[PDB]
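Heads up, what comes next is one protein chain in two forms, each shown on its own as structure tokens, labelled structure 1 and structure 2.
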Structure 1
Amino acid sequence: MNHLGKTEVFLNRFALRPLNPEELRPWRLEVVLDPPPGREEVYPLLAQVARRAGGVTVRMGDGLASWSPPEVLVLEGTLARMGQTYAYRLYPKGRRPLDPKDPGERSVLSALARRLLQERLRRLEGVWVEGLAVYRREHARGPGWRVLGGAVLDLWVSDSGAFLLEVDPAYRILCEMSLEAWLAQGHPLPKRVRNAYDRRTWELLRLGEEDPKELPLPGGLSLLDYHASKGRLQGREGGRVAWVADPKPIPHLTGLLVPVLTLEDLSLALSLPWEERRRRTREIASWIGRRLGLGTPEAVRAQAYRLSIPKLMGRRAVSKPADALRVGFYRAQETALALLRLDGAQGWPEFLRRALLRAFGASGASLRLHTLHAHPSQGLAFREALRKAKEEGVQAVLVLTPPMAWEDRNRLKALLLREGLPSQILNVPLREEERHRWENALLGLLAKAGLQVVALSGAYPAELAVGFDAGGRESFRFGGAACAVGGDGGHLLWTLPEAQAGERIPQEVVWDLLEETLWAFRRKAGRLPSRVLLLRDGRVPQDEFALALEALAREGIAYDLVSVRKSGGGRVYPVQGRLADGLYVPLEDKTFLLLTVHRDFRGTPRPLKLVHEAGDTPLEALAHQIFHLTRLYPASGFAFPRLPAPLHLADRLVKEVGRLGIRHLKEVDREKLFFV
């Protein structure tokens, strides 16, 4: 195709030695379990037995494969699972050769490779080993804490029969003191804490003045002798009474608690510039390679293609959405905005007034600025003021306020939403020279009033693009969809989300949401779209889009479905020259990496991994549209999002519905991006 340069890149992967003739013929084992596992427990049981055997062994089909000879294995024993007891016996059955060309057998080989890496790393010193991560050096150290530097690794087997090493530098934050000693250093309370005696964590709420030897526990025991009776005080001291929270406040001891340290609990930048991350990636790869007898690492190369530069349009061409404030909007209607001040002051700050007037003047659209002379503490009278403002044509409200606590922020926003009013919060004190902050607030306000601040100018295969995501922080989730309608993406819409149990969006929900976007397109363009681009956040669960694809096909609407994965893309580095944006790296059929955003100061970019799950549009064209769609987001004035706009929008939508609840959205217009 017509690319803007064919270049070569390094992946953080490394080619290593071919598997030797022993490794290609692992020892096979038949598994006998007594009692036989239930349907639910069979695979975890086989895996558990594989772990229990020792050496380097994994599950292979209904049986086992090992790179250790059975004479150093534990072939018989006893398992506990979910409160049961299984006797296991392993019967050696010789060795069967595995073909790397065959993806199943290659999968078994790769499981073995990973196990190999685990085991050989565990036998090392002196390095901190955690799973597939290795922390070698000490990056930083403070009173009672330290940050280790190392790398997260993976090891698998290519179809040519060789080892492949993945490496990505990582840091790990360690506390080495008890909650007692920790607070005994002047350090303030950690938000989260772990038991000293096992892995369970709690949310630390406050300290108590109570006596542990006198605090009754449900059941008769006191705190102190409860923990004593379990042998937890055998080797340490009780300390004070910490009140932690249930996953209902719960008593605990400061002597039996270890803070879990985050960045909030601690000048330490843990993001690396891409040159340094590349360099360390190599260092650690060669190190691993030499320590494990896996050969000299060969960095793998891939053909990359530079995508065309996106042309962002306001009233005229812009390089960033914030420019639409000086130049004018892509499409500006007659608008009314209202002001709500919670800081006891009066009227619109003059520079905000001037900026808004300037933008709308450049757009040639009229602007009315209202003021809410009411306050949330008035109760229902406040709601009546909101209603009246809505009746007078106010589309969204700017809230000037001191920083609000999360719950108050949520309550106020939800309340305004119930009167059909999206809100943009802007914190005071606010100086005129804090330009990025209040210009971004204004862009938020405007998208929330339903204006199109920018659009795309290019030509794309799909004239409707819709993103699907699931969100919410509870036992249930909201599945939702957002969309850009028209080839220019000159209309951004959300749809009413749906509650669901998990990550999978029900097939009927997927289709009903999609149909809503089709209908939005119909309302805008007076016709059905020729082709639609379906974007799924993360993986597509099996058959999730089946009904939707069937429905689209019945209507004669073409489609492409792309899984968009925010991790698993690894790292990409330039072979020569500077690292740039808009990088398309085709890996295998229907799969490719896309480097959508990057700034040097911002650390090392994490390229997206994309899978073309259905449709016949060429990979380059999809890469082109998704990359350009990344530039459509209106509410970020100075930095484009990594995700294409429909997904970024969908993510924010289901996040906000998760926070506020869906019950507030009935009177909010779907063109008003209330969640940005």
Structure 2
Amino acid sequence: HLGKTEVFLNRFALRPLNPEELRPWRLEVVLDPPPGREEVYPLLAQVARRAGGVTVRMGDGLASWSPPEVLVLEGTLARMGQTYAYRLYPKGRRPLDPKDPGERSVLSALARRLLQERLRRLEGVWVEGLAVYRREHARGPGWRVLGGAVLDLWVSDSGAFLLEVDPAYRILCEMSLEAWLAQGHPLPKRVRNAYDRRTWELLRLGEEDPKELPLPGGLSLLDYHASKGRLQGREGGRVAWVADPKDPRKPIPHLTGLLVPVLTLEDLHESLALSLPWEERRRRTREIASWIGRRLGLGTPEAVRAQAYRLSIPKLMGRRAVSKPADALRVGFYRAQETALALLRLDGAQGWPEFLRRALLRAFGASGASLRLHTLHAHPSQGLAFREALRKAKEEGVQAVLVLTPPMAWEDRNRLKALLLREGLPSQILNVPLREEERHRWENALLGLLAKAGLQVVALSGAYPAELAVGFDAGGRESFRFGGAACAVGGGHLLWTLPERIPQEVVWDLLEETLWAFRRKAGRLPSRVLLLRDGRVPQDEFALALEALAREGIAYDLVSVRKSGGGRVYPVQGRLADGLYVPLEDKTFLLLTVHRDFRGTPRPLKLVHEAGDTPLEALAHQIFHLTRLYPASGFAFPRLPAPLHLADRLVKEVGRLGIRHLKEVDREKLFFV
């Protein structure tokens, strides 16, 4: 809807840049030996770092704000095994105009460097990047959570500085990998060099003797680090096998004593609370923004106000107009089919719980379809017969199994599902001390169960620019060269697609198959596809996919999503509403997807239209709606669009169960929710 509201950003306008800042000093750079085309840019950057002061790369040369003789006009740096001799020559001043995209960038680069150079000269504070930490929030054996704020400072076309401030924490590991393991914690997924910044993937530990491991040189693992003086101050422990994130499938030996665990919120199981109420955070933010302008000398800050547009509330329906997915059990659903469900009471009496058996019929009646509820009489004990039962039952048309068991132990949960999966039957689990009085649990269970059986419970109705929206998920990696999985939404259809090595191949392969399955279920290829991916993924991993789409005349729109750190939104006067769309920049925009995002403060999505020609408003609209299109959880909507939310589960479970691939589970069957 055009012109509805205004909101406060996580931003603050500050004093304008003085004339001297608008005309930084330009420094000429001389490298010896002369570099190679693609090696100039890095080297330059590196030099701007060595020279010190507030200086950055500008073209083939440099630009600084600090005077020529504060800077290190001469020096040397060794990049990639080759040592160079740099030499700077002050070649006067040169003005820049923030109203030019080109020069504007140099000005914002300059700003960021200033923000951290001024910042770095502050007592009582740890500065990691463009972030500041001033207090200990929580601390335990081997770890500590720091409290601060992540900042950013750039220049506005208006010509003034602009500070972005969002208070946040930092999980720190204060001990080596060896020490940490020695405490009984599980192996960390990520680990970094005790001696520098480099991080790797922790694969295994090894019984291998550090003194036996021979390296490509004929030198010894232990000796190698010993020869680098890394064993002077640290005790190397055992042999840790690590992997370089750029090639996770090539093992690299290493020592646990020289590695530090990269702790994630998960590694600290059980209790610190890192959230913050929207009104508290908004306060801490203002007190940090003011703190900076004072000590930094950027002027008093003024909270930025931006235009916001409320998108229309999604009209989602089953057979009838519904409000939450769960209302489809009473009113009936969108697309019904003949489906046979099986029961697996694997600890109890036997027999379908009165109300479920009632609710089931209750829904198909309101839908008008044939329902056949069978029973599975077997057990993990009687394996051979258990499979005999599964093989028989599925052959009878059973398409989904509702496993009614007491709180299972993880390991056996995957085991059970896995066995069920292999011989063709998805499975929904509902713990067994069941009370009919709790219709939030079994309704959700029935909701998933039906999804797993391949029944569309709800769909949308609108004039969306995309006929198909497919989101991609590469696990928690930043490249599709490891795994990757996909989920599309479309007659509404919900299909999943798994890997059948170059990343661009993986992507065009998740995409093609999605197009093929879609062509089978809809008899047609889509006119336009909406591509949704996680922002922290090179956009080049989609180059091949885009050429293919164009090559077959299929319209598209690539949109990167930023789950965390996209900024925050505060109401000027009133409340925040769902689907609040905040245009924000060239091609980017913020989208608030869930209003009651909790005990802390809502985290809006940050989207970037990287390819295609569709109004940002058009996209926002569809993307916000895809949000209410998620089958499970018929009482709460996902922050992310069904496509991205489903791909995340599709990946998580593909690893939970470690499934290589499924012959058939008809792709309409959402086994992973």
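If you superpose the two forms and keep the largest set of C-alpha atoms that fall within 1.5 Å, you have the rigid core. One-based numbering along structure 1's sequence throughout.
Asker: Identify which of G556, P403, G364, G94 has its C-alpha displaced by 2 Å or more between the two structures once the rigid core is superposed.
Answerer: After core superposition, the one over threshold is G94.
Asker: Comparing between the two structures on the rigid core, is the C-alpha shift at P429 2 Å or larger?
Answerer: The answer is no, as the C-alpha of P429 shifts between the two structures by less than 2 Å after core alignment.
Asker: Does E71 show a Cα shift reaching 2 Å between the two structures after rigid-core superposition?
Answerer: Indeed, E71 is displaced by 2 Å or more.
Asker: Comparing between the two structures on the rigid core, is the C-alpha shift at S530 2 Å or larger?
Answerer: Comparing forms between the two structures, the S530 CA shifts below 2 Å.
Asker: Mind pulling the C-alpha shift for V134 between the two structures, with the rigid core superposed, in Å?
Answerer: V134 is displaced by 7.4 Å at its C-alpha.
Asker: How many angstrom apart are the two C-alpha positions of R122 between the two structures, if you fit on the rigid core?
Answerer: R122 C-alpha displacement between the two structures, core-aligned: 8.9 Å.
Asker: Keeping the rigid core fixed, what distance in angstrom separates the two C-alpha positions of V453 between the two structures?
Answerer: Spelling it out: core superposed, C-alpha of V453 shifted, distance 0.3 Å.
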